[PDB]
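The structure appears below as structure tokens.
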Ligand SMILES: O=C(O)[C@H]1O[C@@H]2O[C@H]3[C@H](O)[C@@H](O)[C@@H](O[C@H]4[C@H](O)[C@@H](O)[C@@H](O[C@H]5[C@H](O)[C@@H](O)[C@@H](O[C@H]6[C@H](O)[C@@H](O)[C@@H](O[C@H]7[C@H](O)[C@@H](O)[C@@H](O[C@H]8[C@H](O)[C@@H](O)[C@@H](O[C@H]1[C@H](O)[C@H]2O)O[C@@H]8CO)O[C@@H]7CO)O[C@@H]6C(=O)O)O[C@@H]5CO)O[C@@H]4CO)O[C@@H]3CO
Ligand SMILES: *[C@H]1CC(=O)N(c2ccc(NNc3ccccc3)cc2)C1=O
Ligand SMILES: [Zn+2]
Ligand SMILES: [Zn+2]
Ligand SMILES: [Zn+2]
């Protein structure tokens with residue numbers, strides 16, 4: 001029998017980390033990746049399961065994610081090294097039936113632990129199932145080069161930042177009609193910043209952090225990568241245009257209304273009012 | 001018998017799309033490619049043709065493309081994965097006797113359909129055949145990065161933009177003396193955008209969609225790729241000098257007038273006036 | 001038996017050169033890279049050892065490096081060509097028990113000689129041992145594109161340069177809390193530059209050569225790569241922000257101390273108080 | 001301000017129970033009804049809300065239904081009396097932010113509590129959101145007079161039972177292509193019967209309990225009533241024909257394929273096999 005590394009999800013995880021390394025958003029060990037699975041998916045690969053599932057408690061209870069398996073990226077690992085050693089960089093966990101801990105059933109070899117952003121990754125998983133009726137399954141974080149440079153010149157508010165991104169290209173409005181949410185500056189790695197991010201996940205599928213990076217979610221990896229990929233391309237044009245002397249002509253407010261009606265999308269009221 | 005995946009026109013598609021994802025042009029699902037073929041080309045590959053060709057009516061009758069087969073890229077597909085699975089992403093179609101629709105013969109599995117810009121393809125394919133006596137065989141669309149940012153700062157004029165594009169490099173004038181078409185901003189995926197795009201093809205081989213991208217048309221795949229990339233290089237040259245404070249010396253009109261007649265080429269008279 | 005070229009350190013250094021090759025940092029033959037080894041790491045591979053080891057005396061005595069084996073690159077050797085020929089581009093040397101000479105054991109064939117900057121690498125190799133108690137093992141030098149351009153604009157003072165890099169990315173204060181030291185411009189390849197470069201290595205892990213390149217040290221082959229990669233990305237963001245027109249809001253001094261307080265890193269007082 | 005008793009959802013809950021009383025399926029206090037609302041629906045009626053919302057703990061957590069309001073019928077109430085005193089027979093509940101209980105805001109005066117079959121209603125509400133993508137909102141239970149008679153004489157199996165009601169009338173195929181579910185006889189009002197009912201709701205929108213009654217689901221009250229109404233009328237002609245001696249000519253298996261293909265409806269596999 002083929003080992004678990006030949007499964008459909010493991011091969012998918014290599015594709016995401018390999019291509020992000022060529023894009024240039026994951027210098028050193030920046031970025032994380034988590035995926036949601038089903039109990040039927042991992043059924044044939046019971047042989048690979050470790051004989052000692054390590055148990056790690058949860059920071060706070062998550063009743064909604066009871067008996068839910070995930071495949072995550074280990075902490076302190078290089079995204080470029082994932083394609084070379086899947087066993088030592090990845091792993092699978094399963095949330096207990098109570099919602100206060102998980103068991104490491106494979107991977108994370110040599111006392112490796114999941115990403116330190118797990119409280120942010122798990123809290124946003126819960127708030128997106130409710131807002132999508134169990135469709136979104138993937139959470140991704142990356143330090144988009146063109147998005148970080150924007151937070152130093154643009155006002156740090158939800159309205160104007162979302163409006164600016166809509167004018168970067170035509171397809172931007174269609175992909176994320178709900179806009180993006182930007183927080184004030186906060187120290188990473190704390191639960192106080194995970195709650196704020198999870199609060200903004202209730203209304204948007206794209207989250208911005210000033211001077212740090214970006215957050216996104218989607219149904220599958222291909223659709224999740226496309227959401228971030230489209231967002232960064234719009235930022236690339238703006239930085240190039242802004243250094244030329246600033247914007248001169250752009251899409252009018254009424255023009256975006258006509259675009260929204262054709263594709264059956266509802267633009268954000270706050271942003272369109274600008 | 002050699003598989004259809006190894007044919008010359010299939011190997012042409014895998015080369016052209018992969019060379020566009022590596023240039024940062026086709027984020028998400030942006031981009032499509034239709035190439036005209038002959039009945040002799042598809043004759044040896046009758047074994048792999050589908051036994052139940054689904055019939056899909058065309059929006060408008062196209063008598064000039066009757067009995068003319070085409071190869072198309074699927075709608076909503078990702079240019080990164082075309083090399084990974086050409087059959088699920090590429091397809092072949094054939095126009096019926098009366099020019100009212102088309103049949104699916106191979107590819108486009110799992111209820112896949114040709115690209116949503118198909119009406120914009122056939123309206124321009126028919127016109128380009130008339131202008132160049134059937135030499136044209138490729139239609140290319142992609143989201144070049146530096147090209148789009150030019151529309152945000154320069155006047156959206158056919159003559160003005162072509163004039164600037166000629167001064168960016170010495171080879172640009174010879175490659176496209178006919179100039180590049182420009183259109184107002186409009187909603188994609190409609191037959192109205194198909195008419196306007198095909199209408200301007202009577203006098204230009206390239207059309208620029210503001211804030212969206214570019215439209216290509218040429219005799220073969222190799223020249224079509226280099227037809228737009230020549231304008232992309234002039235844009236990258238233009239972008240760098242613009243941020244420097246402006247352009248101070250360039251090719252003068254008196255230098256340009258003698259250049260074309262060295263090669264015996266007829267320049268665009270409208271741009272020569274400026 | 002297995003060739004020494006199939007060991008861990010030979011394959012490991014092949015990665016480091018090729019990765020930096022595509023970044024655009026090491027055109028022609030610029031840049032250097034050495035790694036410290038152990039006697040046990042090379043014990044079983046005496047088969048590839050040269051029968052007669054050539055002897056070269058050191059310019060100045062180095063007592064701390066006595067009887068220690070190293071692996072280095074060759075002078076006048078491009079970083080691209082290494083993967084095509086491991087033997088003709090690398091070499092392993094072992095300093096004598098006195099600290100005055102070394103013998104070439106394997107590699108460096110065809111009268112190959114180590115890099116001309118060997119005094120600068122050996123001087124910094126010894127002095128980093130005192131500071132890190134033998135943890136650091138790699139010294140790297142390469143022409144980082146965006147760090148070179150910064151010295152033309154920013155003043156060459158430790159307090160100003162360190163603060164700007166800390167503000168271009170959140171993680172910078174955690175990666176190099178000691179700051180970056182700046183030297184005056186000197187003629188390369190001499191011994192005067194080697195003594196000043198080592199002088200700054202007592203209080204910095206990143207030393208900048210104006211208009212020439214950067215120096216950095218790391219515990220392993222990958223940590224030293226990320227250290228330069230993290231610092232390069234920070235300078236890349238600062239280049240666009242400064243070129244876009246200016247910098248308007250920033251991370252305040254109160255936030256900077258709070259960020260370093262959480263991760264247990266002491267910022268440089270002189271630059272922090274700015 | 002218009003009274004809450006004249007709202008669009010209270011006047012719609014009277015109609016559903018009054019109409020079933022004239023059918024005869026709700027003798028004494030048999031049957032109950034629940035409806036899902038939105039927070040905007042009950043916002044204007046804040047004035048009439050009780051100042052001391054009673055808190056009732058739930059048997060088991062229901063995290064998916066957090067912060068969701070409903071309207072239900074009381075326990076031990078007569079369907080005939082709802083039109084006489086709406087405030088004593090109906091009530092408004094709201095699940096808390098965690099999912100372990102609910103409050104009572106209006107109605108159910110003189111210490112009245114919701115129906116004893118709420119866990120069955122709540123568990124089916126949660127499940128049908130996943131299998132339908134948030135469209136089904138209503139759950140109804142009633143004792144069909146004839147459908148009980150069919151159980152005493154027909155084999156208690158899912159396959160033949162589904163196919164027989166499919167032969168009653170032509171519209172039966174279109175309305176419920178997924179058939180009906182039949183459970184082994186268990187004592188009503190238990191948590192075991194609630195879990196078993198929810199499992200069958202993952203496939204079909206009609207559930208049969210032997211000798212007791214029926215369950216239904218739909219987007220609105222009118223659409224939910226017509227599902228059971230169509231099922232009952234189809235079962236009416238069955239016993240009428242059956243009591244005359246049995247069937248003599250019925251619908252062939254072939255005609256079920258032709259009718260389903262006409263309206264783009266995929267029938268059940270096992271039922272169509274018979
Ligand atoms: O109404 C309910 O929400 C509840 O409200 C009141 O409770 C408040 C507490 O009095 C108050 O101190 C505070 O609680 C904090 C607590 O002090 C902290 O220590 C921490 O709690 C963590 C806990 O220490 C940790 O062990 C774990 O808890 C799990 C628990 O061990 C495990 O057994 C299970 O709990 C189940 C419980 O055993 C069941 O009986 C039942 O619980 C009922 C309970 O019996 C009812 O009385 C009622 O609780 C009231 C409570 O009485 C009020 O005082 O309702 C409960 C739900 O039906 O079900 C439980 C779930 O299965 O799981 C526990 C967990 O879910 O994993 O984790 C704890 C969280 O990290 O934090 C709490 C919260 O800050 O605040 C309470 C809310 O106001
Ligand atoms: C949300 C859902 C839920 O049930 N929660 C919760 C709160 C408190 C709690 N306390 N448990 C406890 C307290 C003291 C001693 C033993 C157990 C358990 C669960 C939420 O927060
Ligand atoms: Zn980050
Ligand atoms: Zn496009
Ligand atoms: Zn140098």
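Chains as they are written, first to last, in the deposited numbering: chain B, 1 to 274; chain A, 1 to 274; chain C, 1 to 274; chain I, 1 to 274.
Idealized CB from N, CA, C, for every residue including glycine.
DSSP beta-bridge partners of residue i
i, result
"residue 315/B", "The structure shown does not extend to residue 315/B, since chain B spans only 1 to 274, so no value can be given for it."
"residue 140/C", "33/C, 216/C"
"residue 162/I", "Answer is none; residue 162/I lacks a bridge partner."
"residue 129/C", "Paired residue(s): none; residue 129/C is not in a bridge."
"residue 185/B", "DSSP lists no partner for residue 185/B."
"residue 114/B", "74/B"
"residue 69/C", "94/C"
Presumed contact (8 Å Cβ cut-off) between residue i and residue j, rounded CB distance
i, j, result
"residue 207/B", "residue 180/B", "7 Å"
"residue 70/B", "residue 36/B", "6 Å"
"residue 90/I", "residue 107/I", "5 Å"
"residue 121/C", "residue 53/C", "In fact, because the Cβ distance is near 20 Å, the residues do not count as touching under 8 Å."
"residue 114/B", "residue 75/B", "6 Å"
"residue 183/A", "residue 200/A", "7 Å"
"residue 125/C", "residue 65/C", "7 Å"
"residue 26/A", "residue 143/A", "6 Å"
Buried versus exposed, by CB contacts within 10 Å (16 or more), residue i
i, result
"residue 111/A", "exposed"
"residue 322/B", "Residue 322/B lies beyond the range of chain B shown here (1 to 274); nothing can be said about it."
"residue 98/B", "exposed"
"residue 146/A", "buried"
"residue 32/I", "buried"
"residue 242/A", "buried"
"residue 1/I", "exposed"
"residue 45/B", "buried"
"residue 205/C", "buried"
"residue 215/A", "buried"
"residue 29/A", "buried"
DSSP-derived helix/strand/coil call for residue i
i, result
"residue 93/C", "strand"
"residue 226/I", "helix"
"residue 42/C", "coil"
"residue 25/A", "coil"
"residue 134/C", "coil"
"residue 176/C", "coil"
"residue 263/I", "coil"
"residue 209/I", "strand"
"residue 243/C", "helix"
"residue 79/I", "helix"
"residue 14/I", "helix"
"residue 194/I", "helix"
"residue 146/A", "helix"
"residue 85/C", "coil"
Residue i: CB within 7 Å of a non-hydrogen atom of ligand 7
i, result
"residue 119/B", "Absence of ligand 7 from the depicted structure is noted, with ligand 1, ligand 2, ligand 3, ligand 4 and ligand 5 being the only ligands included."
Report all residues for which the CB-ligand distance to some heavy atom of ligand 2 is below 7 Å; order them along the chain.
Listed by position along the chain, the residues with Cβ atoms less than 7 Å from a non-hydrogen atom of ligand 2 are 61/B, 63/B, 61/I, 98/I, 99/I, 100/I.
Residues passing the C-beta test against ligand 4 heavy atoms, cut-off 6 Å
Residues flagged by the Cβ proximity filter: 30/A, 141/A, 143/A, 212/A, 213/A.
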